[PDB]
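The next block is data.csv, given as CSV, N, CA and C atoms and all ligand atoms.
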chain,number,residue,atom,x,y,z
A,13,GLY,N,197.3,-35.7,304.0
A,13,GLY,CA,197.9,-35.2,302.8
A,13,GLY,C,197.0,-34.2,302.1
A,14,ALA,N,197.3,-34.1,300.8
A,14,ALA,CA,196.9,-32.9,300.1
A,14,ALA,C,195.4,-32.6,300.2
A,15,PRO,N,194.5,-33.6,299.9
A,15,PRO,CA,193.1,-33.3,300.0
A,15,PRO,C,192.6,-32.7,301.4
A,16,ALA,N,193.1,-33.3,302.5
A,16,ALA,CA,192.7,-32.8,303.8
A,16,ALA,C,193.3,-31.4,304.1
A,17,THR,N,194.5,-31.2,303.6
A,17,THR,CA,195.1,-29.9,303.8
A,17,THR,C,194.3,-28.8,303.1
A,18,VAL,N,193.7,-29.2,301.9
A,18,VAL,CA,192.9,-28.2,301.2
A,18,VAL,C,191.6,-28.0,302.0
A,19,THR,N,191.0,-29.0,302.5
A,19,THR,CA,189.8,-28.9,303.4
A,19,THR,C,190.0,-27.9,304.5
A,20,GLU,N,191.1,-28.1,305.2
A,20,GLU,CA,191.4,-27.3,306.4
A,20,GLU,C,191.8,-25.9,306.1
A,21,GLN,N,192.6,-25.7,305.0
A,21,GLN,CA,193.3,-24.5,304.8
A,21,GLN,C,193.0,-23.8,303.5
A,22,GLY,N,192.1,-24.5,302.7
A,22,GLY,CA,191.9,-23.9,301.3
A,22,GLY,C,191.1,-22.6,301.4
A,23,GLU,N,191.2,-21.8,300.4
A,23,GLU,CA,190.4,-20.6,300.2
A,23,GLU,C,189.1,-21.0,299.4
A,24,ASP,N,187.9,-20.6,299.9
A,24,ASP,CA,186.7,-20.8,299.1
A,24,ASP,C,186.5,-19.8,298.0
A,25,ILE,N,186.7,-20.3,296.7
A,25,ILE,CA,186.6,-19.4,295.6
A,25,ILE,C,185.3,-19.5,294.9
A,26,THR,N,184.2,-20.0,295.5
A,26,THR,CA,182.9,-20.0,295.0
A,26,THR,C,182.2,-18.6,295.2
A,27,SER,N,181.3,-18.2,294.3
A,27,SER,CA,180.5,-17.0,294.4
A,27,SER,C,179.5,-17.1,295.5
A,28,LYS,N,179.0,-18.3,295.7
A,28,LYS,CA,178.0,-18.7,296.7
A,28,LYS,C,178.7,-18.8,298.0
A,29,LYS,N,180.0,-18.9,298.1
A,29,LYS,CA,180.6,-19.2,299.4
A,29,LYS,C,180.0,-20.5,300.1
A,30,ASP,N,179.9,-21.5,299.3
A,30,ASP,CA,179.4,-22.8,299.8
A,30,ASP,C,180.5,-23.8,299.9
A,31,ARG,N,181.8,-23.4,299.8
A,31,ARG,CA,182.9,-24.3,299.9
A,31,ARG,C,182.9,-25.4,298.9
A,32,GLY,N,182.3,-25.2,297.7
A,32,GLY,CA,182.2,-26.2,296.7
A,32,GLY,C,183.6,-26.4,296.0
A,33,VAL,N,184.4,-25.3,296.0
A,33,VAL,CA,185.7,-25.3,295.3
A,33,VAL,C,186.6,-24.7,296.3
A,34,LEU,N,187.6,-25.4,296.8
A,34,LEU,CA,188.6,-24.9,297.7
A,34,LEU,C,190.0,-24.9,297.0
A,35,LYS,N,190.8,-23.9,297.2
A,35,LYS,CA,192.0,-23.7,296.5
A,35,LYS,C,193.2,-23.4,297.5
A,36,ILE,N,194.4,-24.0,297.2
A,36,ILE,CA,195.6,-23.5,297.7
A,36,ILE,C,196.6,-23.3,296.6
A,37,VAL,N,197.3,-22.2,296.6
A,37,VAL,CA,198.4,-21.9,295.7
A,37,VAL,C,199.5,-22.7,296.2
A,38,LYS,N,200.1,-23.6,295.4
A,38,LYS,CA,201.3,-24.3,295.8
A,38,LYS,C,202.6,-23.6,295.3
A,39,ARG,N,202.6,-23.2,294.0
A,39,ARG,CA,203.7,-22.3,293.6
A,39,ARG,C,203.2,-21.1,292.9
A,40,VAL,N,203.8,-19.9,293.1
A,40,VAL,CA,203.3,-18.6,292.6
A,40,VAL,C,203.7,-18.5,291.1
A,41,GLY,N,202.7,-17.9,290.3
A,41,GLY,CA,202.9,-17.7,288.9
A,41,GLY,C,203.4,-16.3,288.7
A,42,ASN,N,203.5,-15.9,287.4
A,42,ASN,CA,204.2,-14.7,286.9
A,42,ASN,C,203.3,-13.6,286.5
A,43,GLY,N,203.5,-12.4,286.9
A,43,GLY,CA,202.6,-11.2,286.6
A,43,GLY,C,201.2,-11.5,287.2
A,44,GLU,N,200.3,-10.6,286.8
A,44,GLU,CA,199.1,-10.4,287.5
A,44,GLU,C,197.8,-10.6,286.6
A,45,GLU,N,197.9,-10.9,285.3
A,45,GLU,CA,196.8,-11.2,284.5
A,45,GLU,C,196.4,-12.6,284.8
A,46,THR,N,195.1,-12.8,285.2
A,46,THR,CA,194.5,-14.2,285.1
A,46,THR,C,193.7,-14.2,283.9
A,47,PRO,N,193.3,-15.4,283.4
A,47,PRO,CA,192.6,-15.5,282.1
A,47,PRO,C,191.2,-15.0,282.2
A,48,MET,N,190.7,-14.5,281.1
A,48,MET,CA,189.4,-14.0,280.9
A,48,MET,C,188.6,-15.2,280.3
A,49,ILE,N,187.3,-15.1,280.6
A,49,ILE,CA,186.4,-16.1,279.9
A,49,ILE,C,186.5,-16.0,278.4
A,50,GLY,N,186.6,-17.2,277.8
A,50,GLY,CA,186.9,-17.2,276.3
A,50,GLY,C,188.3,-17.5,276.0
A,51,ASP,N,189.3,-17.4,276.9
A,51,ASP,CA,190.7,-17.6,276.6
A,51,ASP,C,190.9,-19.1,276.4
A,52,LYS,N,191.8,-19.5,275.4
A,52,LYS,CA,192.2,-20.8,275.2
A,52,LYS,C,193.3,-21.1,276.2
A,53,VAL,N,193.2,-22.1,277.1
A,53,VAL,CA,194.1,-22.3,278.2
A,53,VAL,C,194.8,-23.7,278.1
A,54,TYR,N,196.0,-23.7,278.7
A,54,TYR,CA,197.0,-24.8,278.5
A,54,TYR,C,197.4,-25.2,279.9
A,55,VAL,N,197.1,-26.4,280.3
A,55,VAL,CA,197.5,-26.9,281.7
A,55,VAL,C,198.2,-28.3,281.6
A,56,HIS,N,198.9,-28.6,282.7
A,56,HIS,CA,199.2,-30.0,283.1
A,56,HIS,C,198.5,-30.2,284.5
A,57,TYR,N,198.0,-31.4,284.7
A,57,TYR,CA,197.2,-31.7,285.8
A,57,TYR,C,197.4,-33.2,286.2
A,58,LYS,N,197.2,-33.4,287.5
A,58,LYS,CA,197.1,-34.7,288.2
A,58,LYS,C,195.8,-34.7,289.0
A,59,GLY,N,194.9,-35.7,288.8
A,59,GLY,CA,193.6,-35.7,289.5
A,59,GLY,C,193.4,-37.0,290.1
A,60,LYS,N,192.4,-37.0,291.0
A,60,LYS,CA,191.9,-38.3,291.6
A,60,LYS,C,190.6,-38.0,292.3
A,61,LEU,N,189.9,-39.1,292.6
A,61,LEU,CA,188.8,-39.1,293.6
A,61,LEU,C,189.5,-38.8,295.0
A,62,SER,N,188.8,-38.0,295.7
A,62,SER,CA,189.2,-37.7,297.1
A,62,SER,C,189.5,-38.9,297.9
A,63,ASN,N,188.6,-39.9,297.7
A,63,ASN,CA,188.9,-41.3,298.2
A,63,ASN,C,190.3,-41.9,297.9
A,64,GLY,N,190.9,-41.3,296.9
A,64,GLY,CA,192.2,-41.8,296.4
A,64,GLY,C,192.1,-43.0,295.4
A,65,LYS,N,190.9,-43.5,295.1
A,65,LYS,CA,190.7,-44.8,294.6
A,65,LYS,C,190.8,-44.8,293.0
A,66,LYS,N,190.7,-43.7,292.3
A,66,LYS,CA,191.1,-43.6,290.9
A,66,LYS,C,191.9,-42.3,290.7
A,67,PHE,N,192.8,-42.2,289.7
A,67,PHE,CA,193.9,-41.2,289.5
A,67,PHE,C,194.2,-41.0,288.1
A,68,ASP,N,194.6,-39.8,287.7
A,68,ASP,CA,194.5,-39.4,286.3
A,68,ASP,C,195.4,-38.3,286.0
A,69,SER,N,196.2,-38.3,284.9
A,69,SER,CA,197.2,-37.3,284.7
A,69,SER,C,197.2,-36.9,283.2
A,70,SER,N,197.4,-35.6,282.9
A,70,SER,CA,197.7,-35.2,281.6
A,70,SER,C,199.0,-35.9,281.0
A,71,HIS,N,199.9,-36.1,281.9
A,71,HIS,CA,201.2,-36.8,281.5
A,71,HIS,C,201.0,-38.1,280.9
A,72,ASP,N,200.0,-38.8,281.3
A,72,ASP,CA,199.6,-40.1,280.7
A,72,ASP,C,199.3,-39.9,279.2
A,73,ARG,N,198.9,-38.8,278.6
A,73,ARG,CA,198.8,-38.6,277.2
A,73,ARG,C,200.1,-38.0,276.7
A,74,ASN,N,201.0,-37.5,277.5
A,74,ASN,CA,202.3,-37.0,277.2
A,74,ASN,C,202.1,-35.7,276.3
A,75,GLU,N,201.3,-34.8,276.9
A,75,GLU,CA,201.0,-33.5,276.2
A,75,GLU,C,200.1,-32.7,277.1
A,76,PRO,N,200.1,-31.3,277.0
A,76,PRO,CA,199.2,-30.5,277.8
A,76,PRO,C,197.8,-30.6,277.4
A,77,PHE,N,196.9,-30.4,278.4
A,77,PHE,CA,195.4,-30.4,278.3
A,77,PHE,C,195.0,-29.0,278.0
A,78,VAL,N,194.2,-28.9,276.9
A,78,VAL,CA,193.8,-27.6,276.3
A,78,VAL,C,192.3,-27.5,276.4
A,79,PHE,N,191.7,-26.4,276.8
A,79,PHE,CA,190.3,-26.1,276.7
A,79,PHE,C,190.1,-24.6,276.7
A,80,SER,N,188.8,-24.2,276.4
A,80,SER,CA,188.5,-22.8,276.3
A,80,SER,C,187.7,-22.4,277.6
A,81,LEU,N,188.2,-21.4,278.3
A,81,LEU,CA,187.8,-21.1,279.6
A,81,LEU,C,186.3,-20.5,279.7
A,82,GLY,N,185.6,-21.2,280.6
A,82,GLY,CA,184.2,-20.7,280.9
A,82,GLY,C,183.2,-21.0,279.8
A,83,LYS,N,183.5,-21.9,278.9
A,83,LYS,CA,182.6,-22.3,277.9
A,83,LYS,C,182.0,-23.7,278.3
A,84,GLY,N,182.1,-24.1,279.6
A,84,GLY,CA,181.8,-25.4,280.2
A,84,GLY,C,182.2,-26.6,279.3
A,85,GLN,N,183.5,-26.6,278.8
A,85,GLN,CA,184.0,-27.8,278.2
A,85,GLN,C,184.7,-28.7,279.2
A,86,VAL,N,184.7,-28.2,280.5
A,86,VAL,CA,185.3,-28.9,281.6
A,86,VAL,C,184.3,-28.8,282.8
A,87,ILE,N,184.6,-29.5,283.9
A,87,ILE,CA,183.7,-29.3,285.0
A,87,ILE,C,183.7,-27.8,285.5
A,88,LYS,N,182.5,-27.3,286.1
A,88,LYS,CA,182.4,-26.0,286.6
A,88,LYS,C,183.5,-25.5,287.5
A,89,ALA,N,184.0,-26.4,288.4
A,89,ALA,CA,185.2,-26.1,289.3
A,89,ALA,C,186.4,-25.8,288.5
A,90,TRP,N,186.6,-26.3,287.4
A,90,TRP,CA,187.8,-25.9,286.6
A,90,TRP,C,187.6,-24.6,285.9
A,91,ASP,N,186.4,-24.3,285.4
A,91,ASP,CA,186.0,-23.0,284.8
A,91,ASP,C,186.2,-21.9,285.9
A,92,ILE,N,185.8,-22.2,287.1
A,92,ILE,CA,186.0,-21.3,288.3
A,92,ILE,C,187.5,-21.2,288.6
A,93,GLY,N,188.1,-22.4,288.9
A,93,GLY,CA,189.5,-22.4,289.6
A,93,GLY,C,190.6,-21.9,288.6
A,94,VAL,N,190.5,-22.3,287.4
A,94,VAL,CA,191.6,-21.9,286.5
A,94,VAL,C,191.5,-20.5,286.2
A,95,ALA,N,190.3,-19.9,286.2
A,95,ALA,CA,190.1,-18.4,286.0
A,95,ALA,C,190.9,-17.7,287.1
A,96,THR,N,191.2,-18.3,288.2
A,96,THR,CA,191.8,-17.5,289.3
A,96,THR,C,193.3,-17.6,289.2
A,97,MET,N,193.9,-18.4,288.2
A,97,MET,CA,195.3,-18.7,288.3
A,97,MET,C,196.2,-17.8,287.4
A,98,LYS,N,197.4,-17.5,287.8
A,98,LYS,CA,198.4,-16.7,287.0
A,98,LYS,C,199.3,-17.7,286.2
A,99,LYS,N,199.9,-17.2,285.2
A,99,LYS,CA,200.7,-18.1,284.3
A,99,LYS,C,201.9,-18.7,285.1
A,100,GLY,N,202.1,-20.0,285.0
A,100,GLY,CA,203.2,-20.7,285.7
A,100,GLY,C,202.8,-21.1,287.1
A,101,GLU,N,201.6,-20.7,287.6
A,101,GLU,CA,201.1,-21.1,288.9
A,101,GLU,C,200.7,-22.6,288.9
A,102,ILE,N,200.9,-23.1,290.2
A,102,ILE,CA,200.4,-24.4,290.5
A,102,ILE,C,199.5,-24.3,291.7
A,103,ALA,N,198.3,-24.9,291.6
A,103,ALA,CA,197.3,-24.9,292.7
A,103,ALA,C,196.7,-26.3,292.9
A,104,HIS,N,196.3,-26.5,294.2
A,104,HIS,CA,195.5,-27.6,294.6
A,104,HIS,C,194.0,-27.2,294.7
A,105,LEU,N,193.1,-28.0,294.0
A,105,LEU,CA,191.7,-27.8,294.1
A,105,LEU,C,191.0,-29.0,294.8
A,106,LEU,N,190.1,-28.8,295.7
A,106,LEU,CA,189.3,-29.8,296.3
A,106,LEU,C,187.8,-29.4,296.0
A,107,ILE,N,187.0,-30.3,295.4
A,107,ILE,CA,185.8,-30.0,294.7
A,107,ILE,C,184.7,-30.9,295.2
A,108,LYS,N,183.6,-30.2,295.6
A,108,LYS,CA,182.4,-31.0,296.0
A,108,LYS,C,181.7,-31.4,294.7
A,109,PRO,N,180.7,-32.4,294.8
A,109,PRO,CA,180.1,-33.0,293.7
A,109,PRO,C,179.3,-31.9,292.8
A,110,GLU,N,178.7,-30.9,293.5
A,110,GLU,CA,178.0,-29.9,292.9
A,110,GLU,C,178.8,-29.1,291.9
A,111,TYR,N,180.1,-29.1,292.0
A,111,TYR,CA,181.0,-28.4,291.0
A,111,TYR,C,181.8,-29.4,290.1
A,112,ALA,N,181.3,-30.7,290.1
A,112,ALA,CA,182.0,-31.7,289.3
A,112,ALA,C,180.9,-32.5,288.6
A,113,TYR,N,180.6,-33.8,289.0
A,113,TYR,CA,179.7,-34.6,288.2
A,113,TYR,C,178.3,-34.9,288.9
A,114,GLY,N,178.2,-34.3,290.1
A,114,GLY,CA,176.9,-34.2,290.8
A,114,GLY,C,176.4,-35.6,291.3
A,115,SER,N,175.2,-35.6,291.7
A,115,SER,CA,174.6,-36.9,292.2
A,115,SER,C,174.4,-37.9,291.0
A,116,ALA,N,174.4,-37.4,289.8
A,116,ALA,CA,174.3,-38.3,288.6
A,116,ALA,C,175.6,-39.1,288.5
A,117,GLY,N,176.8,-38.4,288.7
A,117,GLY,CA,178.1,-39.0,288.5
A,117,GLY,C,178.4,-39.1,287.0
A,118,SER,N,179.4,-39.9,286.7
A,118,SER,CA,179.7,-40.1,285.3
A,118,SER,C,180.4,-41.5,285.2
A,119,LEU,N,179.7,-42.6,285.2
A,119,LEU,CA,180.2,-43.9,285.3
A,119,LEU,C,180.6,-44.3,284.0
A,120,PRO,N,181.6,-45.3,283.9
A,120,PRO,CA,182.1,-45.9,285.1
A,120,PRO,C,183.2,-45.1,285.8
A,121,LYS,N,183.7,-44.0,285.3
A,121,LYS,CA,184.8,-43.3,285.9
A,121,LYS,C,184.5,-42.7,287.2
A,122,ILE,N,183.3,-42.0,287.3
A,122,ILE,CA,183.0,-41.2,288.4
A,122,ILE,C,181.7,-41.6,289.1
A,123,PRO,N,181.8,-42.1,290.3
A,123,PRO,CA,180.5,-42.4,291.0
A,123,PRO,C,179.7,-41.2,291.4
A,124,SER,N,178.5,-41.5,291.9
A,124,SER,CA,177.5,-40.5,292.4
A,124,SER,C,178.2,-39.7,293.5
A,125,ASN,N,178.0,-38.4,293.5
A,125,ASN,CA,178.3,-37.6,294.7
A,125,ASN,C,179.8,-37.7,295.0
A,126,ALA,N,180.7,-37.7,294.0
A,126,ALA,CA,182.1,-37.8,294.3
A,126,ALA,C,182.8,-36.5,294.5
A,127,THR,N,183.6,-36.4,295.6
A,127,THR,CA,184.6,-35.3,295.7
A,127,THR,C,185.9,-35.6,295.0
A,128,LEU,N,186.4,-34.6,294.2
A,128,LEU,CA,187.5,-34.7,293.4
A,128,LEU,C,188.6,-33.8,293.9
A,129,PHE,N,189.9,-34.2,293.7
A,129,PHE,CA,191.1,-33.4,294.0
A,129,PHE,C,191.9,-33.3,292.7
A,130,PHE,N,192.4,-32.1,292.5
A,130,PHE,CA,193.4,-31.9,291.4
A,130,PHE,C,194.6,-31.1,291.9
A,131,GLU,N,195.7,-31.4,291.3
A,131,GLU,CA,196.9,-30.5,291.2
A,131,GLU,C,196.9,-30.0,289.8
A,132,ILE,N,196.9,-28.7,289.6
A,132,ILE,CA,196.9,-28.0,288.3
A,132,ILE,C,198.1,-27.1,288.1
A,133,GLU,N,198.8,-27.2,287.1
A,133,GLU,CA,199.8,-26.2,286.6
A,133,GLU,C,199.2,-25.4,285.4
A,134,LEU,N,199.1,-24.1,285.5
A,134,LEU,CA,198.7,-23.3,284.3
A,134,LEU,C,200.0,-22.9,283.5
A,135,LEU,N,200.0,-23.4,282.3
A,135,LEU,CA,201.2,-23.2,281.5
A,135,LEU,C,201.1,-21.9,280.7
A,136,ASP,N,200.0,-21.7,280.1
A,136,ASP,CA,199.8,-20.5,279.3
A,136,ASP,C,198.3,-20.3,279.0
A,137,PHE,N,197.9,-19.1,278.6
A,137,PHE,CA,196.6,-18.8,278.1
A,137,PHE,C,196.6,-17.7,277.0
A,138,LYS,N,195.8,-17.9,275.9
A,138,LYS,CA,195.8,-17.0,274.7
A,138,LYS,C,194.4,-16.6,274.5
A,139,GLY,N,194.2,-15.4,274.0
A,139,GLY,CA,192.9,-14.8,273.7
A,139,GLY,C,192.4,-15.3,272.3
A,140,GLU,N,191.8,-16.5,272.3
A,140,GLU,CA,191.2,-17.1,271.2
A,140,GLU,C,190.5,-16.0,270.4
B,1,LIG,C1,184.3,-38.4,283.3
B,1,LIG,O1,185.2,-38.4,282.2
B,1,LIG,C2,186.6,-38.1,282.5
B,1,LIG,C3,187.0,-37.5,283.6
B,1,LIG,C4,188.4,-37.2,283.7
B,1,LIG,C5,189.3,-37.6,282.7
B,1,LIG,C6,188.8,-38.2,281.6
B,1,LIG,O2,189.6,-38.5,280.5
B,1,LIG,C7,190.8,-37.8,280.4
B,1,LIG,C8,187.4,-38.5,281.4
B,1,LIG,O3,186.8,-39.0,280.3
B,1,LIG,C9,186.9,-38.1,279.2
B,1,LIG,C10,186.0,-37.0,279.4
B,1,LIG,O4,186.4,-35.9,280.2
B,1,LIG,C11,185.5,-35.3,281.1
B,1,LIG,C12,185.8,-33.8,281.4
B,1,LIG,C13,186.3,-33.0,280.2
B,1,LIG,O5,186.8,-33.8,282.4
B,1,LIG,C14,186.8,-32.7,283.2
B,1,LIG,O6,186.1,-31.8,283.1
B,1,LIG,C15,187.8,-32.9,284.4
B,1,LIG,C16,188.8,-31.7,284.5
B,1,LIG,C17,189.7,-31.6,283.3
B,1,LIG,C18,190.5,-32.9,283.2
B,1,LIG,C19,189.7,-34.2,283.3
B,1,LIG,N1,188.6,-34.2,284.4
B,1,LIG,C20,188.2,-35.2,285.1
B,1,LIG,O7,187.2,-35.2,285.9
B,1,LIG,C21,189.0,-36.6,285.0
B,1,LIG,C22,188.8,-37.4,286.3
B,1,LIG,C23,189.3,-38.9,286.1
B,1,LIG,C24,189.3,-39.7,287.4
B,1,LIG,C25,190.0,-39.0,288.6
B,1,LIG,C26,189.4,-37.6,288.8
B,1,LIG,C27,189.6,-36.8,287.5
Mind turning this structure into structure tokens?
Ligand SMILES: COc1cc2cc(OC)c1OCCOC[C@H](C)OC(=O)[C@@H]1CCCCN1C(=O)[C@H]2C1CCCCC1
Amino acid sequence: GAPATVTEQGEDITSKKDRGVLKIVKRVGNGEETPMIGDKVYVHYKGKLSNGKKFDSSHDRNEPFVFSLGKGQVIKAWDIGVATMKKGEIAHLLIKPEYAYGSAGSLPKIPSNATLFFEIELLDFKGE
């Protein structure tokens, strides 16, 4: 399923080309502007440990997740991945620890050296 499909078929969107962040577009977005660093961005997401063992959704708060792009208010993989997305796009991200919580992890939610999977829909972005 989705994590393995990203491993096998994802595009490497890292500058380093170390496969730290792999992407597949699931549904195409509208127009051709992606957000610029500093933009306030609005998403829905479903996430989990690649293990499948914990799971997490914006829908659980019943409202979109908002943050400011590339100001590291989210993991590096999100600052990277979301920057590549067009409005209304849905993407799958598979993320090595180096672009998430690293060998330190973030307990109790995230263990050491965890690979994370997300499905992300980009709803909108505004130039804060
Ligand atoms: C480690 O702490 C959490 C992780 C996540 C959800 C949490 O609560 C909703 C959470 O505690 C609140 C702090 O948030 C941390 C940052 C902002 O989170 C992110 O960078 C990323 C990407 C943006 C959405 C949340 N992300 C997460 O890593 C989730 C995580 C939970 C377990 C399954 C894998 C995803």
Within range 25-137 of chain A, find each residue whose DSSP state, derived from the backbone, is alpha helix (DSSP H), and express the selection as a count of residues only. 8
Using only N, CA and C atoms, which protein or nucleic acid residues come within 6.5 Å of range 102-115 of chain A? Drop anything in the same chain fewer than 3 positions from it, and give the result as a ChimeraX atom specification. /A:15,18-19,31-41,87-90,118,123-134
If the limit is 5 Å from any atom of ligand LIG 1 (chain B), counting all atoms listed in the file, which residues qualify? Return them as a list in words.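 So the residues close to ligand LIG 1 (chain B) are residues 59, 60, 61, 66, 67, 68, 85, 86 and 87 of chain A.
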Output N, CA and C atoms for every residue in that selection, as a PDB file, in the frame of the given file.
ATOM      1  N   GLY A  59     194.900 -35.700 288.800  1.00  0.00           N
ATOM      2  CA  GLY A  59     193.600 -35.700 289.500  1.00  0.00           C
ATOM      3  C   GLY A  59     193.400 -37.000 290.100  1.00  0.00           C
ATOM      4  N   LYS A  60     192.400 -37.000 291.000  1.00  0.00           N
ATOM      5  CA  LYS A  60     191.900 -38.300 291.600  1.00  0.00           C
ATOM      6  C   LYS A  60     190.600 -38.000 292.300  1.00  0.00           C
ATOM      7  N   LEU A  61     189.900 -39.100 292.600  1.00  0.00           N
ATOM      8  CA  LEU A  61     188.800 -39.100 293.600  1.00  0.00           C
ATOM      9  C   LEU A  61     189.500 -38.800 295.000  1.00  0.00           C
ATOM     10  N   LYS A  66     190.700 -43.700 292.300  1.00  0.00           N
ATOM     11  CA  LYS A  66     191.100 -43.600 290.900  1.00  0.00           C
ATOM     12  C   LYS A  66     191.900 -42.300 290.700  1.00  0.00           C
ATOM     13  N   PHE A  67     192.800 -42.200 289.700  1.00  0.00           N
ATOM     14  CA  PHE A  67     193.900 -41.200 289.500  1.00  0.00           C
ATOM     15  C   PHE A  67     194.200 -41.000 288.100  1.00  0.00           C
ATOM     16  N   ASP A  68     194.600 -39.800 287.700  1.00  0.00           N
ATOM     17  CA  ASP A  68     194.500 -39.400 286.300  1.00  0.00           C
ATOM     18  C   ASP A  68     195.400 -38.300 286.000  1.00  0.00           C
ATOM     19  N   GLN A  85     183.500 -26.600 278.800  1.00  0.00           N
ATOM     20  CA  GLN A  85     184.000 -27.800 278.200  1.00  0.00           C
ATOM     21  C   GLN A  85     184.700 -28.700 279.200  1.00  0.00           C
ATOM     22  N   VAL A  86     184.700 -28.200 280.500  1.00  0.00           N
ATOM     23  CA  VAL A  86     185.300 -28.900 281.600  1.00  0.00           C
ATOM     24  C   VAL A  86     184.300 -28.800 282.800  1.00  0.00           C
ATOM     25  N   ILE A  87     184.600 -29.500 283.900  1.00  0.00           N
ATOM     26  CA  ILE A  87     183.700 -29.300 285.000  1.00  0.00           C
ATOM     27  C   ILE A  87     183.700 -27.800 285.500  1.00  0.00           C
TER      28      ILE A  87
END
Counting only C-alpha atoms, which residue out of A:56, A:82, A:121, A:101 sits closest to residue 70 in chain A?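 For residue 70 in chain A, the nearest of the candidates is A:56.
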Can you measure CA of residue 21 in chain A to CA of residue 64 in chain A for me? One decimal in Å is fine.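 Taking CA of residue 21 in chain A and CA of residue 64 in chain A, their separation equals 19.3 Å.
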Selected residue of minimal separation from residue 71 in chain A among A:116, A:94, A:25, A:55, counting only N, CA and C atoms: A:55
As an exercise, work out the distance from CA of residue 77 in chain A to atom C of residue 20 in chain A in Å and give it to one decimal place.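 So the answer is 28.4 Å.
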Tell me which of A:62, A:47, A:135, A:100 sits closest to residue 16 in chain A, counting only N, CA and C atoms.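 Checking each candidate against residue 16 in chain A, we get A:62 as the closest.
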What's around residue 52 in chain A at 8 Å? Count all atoms listed in the file, leave out sequence neighbours fewer than 5 positions away in its own chain, and write the answer as a count of residues only. 10
What is the distance between atom N of residue 98 in chain A and atom C of residue 45 in chain A, in Å to one decimal?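 Atom N of residue 98 in chain A sits 5.8 Å away from atom C of residue 45 in chain A.
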N, CA, C and O atoms are what I want for range 29-40 of chain A; can you complete it accordingly and write them as a compact mmCIF listing (two decimals), in the frame of the given file?
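And here's rebuild-v6.txt as it stands now:
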# COMPACT_ATOMS: atom_id res chain seq x y z
N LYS A 29 180.00 -18.90 298.10
CA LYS A 29 180.60 -19.20 299.40
C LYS A 29 180.00 -20.50 300.10
O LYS A 29 179.68 -20.51 301.27
N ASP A 30 179.90 -21.50 299.30
CA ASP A 30 179.40 -22.80 299.80
C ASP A 30 180.50 -23.80 299.90
O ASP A 30 180.20 -24.99 299.99
N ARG A 31 181.80 -23.40 299.80
CA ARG A 31 182.90 -24.30 299.90
C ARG A 31 182.90 -25.40 298.90
O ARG A 31 183.54 -26.45 299.07
N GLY A 32 182.30 -25.20 297.70
CA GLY A 32 182.20 -26.20 296.70
C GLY A 32 183.60 -26.40 296.00
O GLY A 32 183.81 -27.38 295.32
N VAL A 33 184.40 -25.30 296.00
CA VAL A 33 185.70 -25.30 295.30
C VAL A 33 186.60 -24.70 296.30
O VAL A 33 186.48 -23.46 296.62
N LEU A 34 187.60 -25.40 296.80
CA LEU A 34 188.60 -24.90 297.70
C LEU A 34 190.00 -24.90 297.00
O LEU A 34 190.30 -25.92 296.38
N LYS A 35 190.80 -23.90 297.20
CA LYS A 35 192.00 -23.70 296.50
C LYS A 35 193.20 -23.40 297.50
O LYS A 35 193.01 -22.65 298.43
N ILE A 36 194.40 -24.00 297.20
CA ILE A 36 195.60 -23.50 297.70
C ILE A 36 196.60 -23.30 296.60
O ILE A 36 196.76 -24.17 295.73
N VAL A 37 197.30 -22.20 296.60
CA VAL A 37 198.40 -21.90 295.70
C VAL A 37 199.50 -22.70 296.20
O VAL A 37 199.88 -22.66 297.41
N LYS A 38 200.10 -23.60 295.40
CA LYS A 38 201.30 -24.30 295.80
C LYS A 38 202.60 -23.60 295.30
O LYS A 38 203.45 -23.36 296.10
N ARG A 39 202.60 -23.20 294.00
CA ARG A 39 203.70 -22.30 293.60
C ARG A 39 203.20 -21.10 292.90
O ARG A 39 202.22 -21.16 292.06
N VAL A 40 203.80 -19.90 293.10
CA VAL A 40 203.30 -18.60 292.60
C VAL A 40 203.70 -18.50 291.10
O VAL A 40 204.77 -18.87 290.74
